[PDB]
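Structural features, examined
Next come the chains, spelled out residue by residue.
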Amino acid sequence: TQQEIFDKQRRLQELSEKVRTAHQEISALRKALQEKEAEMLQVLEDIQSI
Amino acid sequence: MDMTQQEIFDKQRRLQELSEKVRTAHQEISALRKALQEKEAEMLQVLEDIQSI
Amino acid sequence: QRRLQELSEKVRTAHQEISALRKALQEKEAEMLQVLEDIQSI
Amino acid sequence: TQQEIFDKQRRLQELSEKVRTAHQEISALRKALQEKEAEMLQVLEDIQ
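Residues numbered from 1 in each chain as written, not as in the entry; some residues may be left out. Chains lettered and ligands numbered in written order. Heavy atoms only, no water. Residues with missing side-chain atoms left out of burial classes, pairs and counts.

The PDB entry annotates chain D as Coronin-like protein of Leishmania donovani.

For chain C, the name recorded in the PDB entry is Coronin-like protein, with Leishmania donovani as its organism.

Some details on the interface of chain D and chain A
A common way to express how large an interface is: the accessible area buried when the components associate. At the interface, 12 residues of chain D touch 13 residues of chain A. Tallied by class, the residues present in the side of chain D that touches chain A amount to 5 nonpolar, 4 polar and 3 charged. (Contact = heavy atoms within 4.5 Å. Nonpolar A, V, L, I, M, F, W, Y, C, P; charged D, E, K, R; others polar.)

Notes on the packing of helix α1 (residues 2-48) of chain A against helix α1 (residues 2-44) of chain D
At a minimum axis distance of 11 Å, the contact between α1 of chain A and α1 of chain D shows a crossing angle of 165°. It follows from the interaxial angle that α1 of chain A and α1 of chain D lie roughly antiparallel. Our pair here, α1 of chain A against α1 of chain D, has a crossing hand that is left-handed. Residues belonging to the contact of α1 of chain A with α1 of chain D are distributed by class as follows: 11 nonpolar, 8 polar and 6 charged. (Axes fitted to C-alpha atoms, helices over the stretch in contact; angles between N-to-C directions. Helix = DSSP H or I, 4+ residues; strand = E, 2+ residues; numbered from the N terminus. Parallel < 35°, antiparallel > 145°, perpendicular 65-115°, else oblique. Left-handed = near helix turned anticlockwise from the far one by under 90°.)

Here's the deal with the pattern of salt bridges
Among the salt bridges present, the one from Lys-36 of chain A reaches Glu-39 of chain A, with a minimum N-O distance of 3.0 Å. Of this pair, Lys-36 of chain A and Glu-39 of chain A both sit in helix α1, 3 residues apart, which is roughly one turn of that helix. For the salt bridge of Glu-17 of chain B with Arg-13 of chain B, the shortest nitrogen-to-oxygen distance reads 3.7 Å. With a gap of 4 residues between them, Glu-17 of chain B and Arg-13 of chain B both fall in helix α1 (residues 5-51), about one helical turn apart. Sharing partners across several salt bridges, the network here consists of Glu-37 of chain A, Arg-33 of chain B, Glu-29 of chain C together with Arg-30 of chain D. (Salt bridge = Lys/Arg side-chain N within 4 Å of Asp/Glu carboxyl O.)

What about the packing of α1 of chain B against α1 of chain D?
With their axes 13 Å apart at the nearest point, α1 of chain B and α1 of chain D run at an angle of 20° to one another. Between α1 of chain B and α1 of chain D, the angle is such that the two are roughly parallel. Every pair of crossing elements has a handedness; the one defined by α1 of chain B and α1 of chain D is left-handed. Here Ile-8, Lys-11, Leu-15, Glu-40, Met-43, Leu-47 and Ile-50 of chain B of α1 of chain B lie close against α1 of chain D, whose contacting residues are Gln-2, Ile-5, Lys-8, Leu-33, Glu-37, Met-40 and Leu-44 of chain D. Across the contact of α1 of chain B with α1 of chain D, the residue classes tally to 9 nonpolar, 1 polar and 4 charged.

Next comes the structure, spelled out in structure tokens:
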């Protein structure tokens, strides 16, 4: 029903934004992770080149 | 096939120093993904909450 | 006739798929990190 | 020994190779995961 649906909306939007905030932290954490793995590979190549 | 000791010693020196950078990479990698594990679990948990409304 | 039940079912699939992918990723990362331990301890 | 080093250097190349293939696999799985996370958001964004 009308009000029952809106309550779903209110709950959802609060929930979605939590997901978007989580994802940003994830997406930014993933880049940091990727960059860090890149340093790790650069190191393996240095051990190889010496 | 004729390196001598000192050049060998220096090999071990560089090999060791890079072995430490590897440990450092392992630690930093190991912590970054654990962190990543946890924010993904938090987002997935919220996905559950959404699904159950 | 608001049907977010279609969304609920879509979200459920996403949670499922994201979760398996993420677990596959974690295991392959652990494989990789184990080889680093091997490299470090050699 | 120089052979002990050349061995403890060839073993590292082998192991580094394992890291690199595993990292390529990780890279593809991460890209898969990314697309799935973004495709999910495309669902949550459908408030219209």
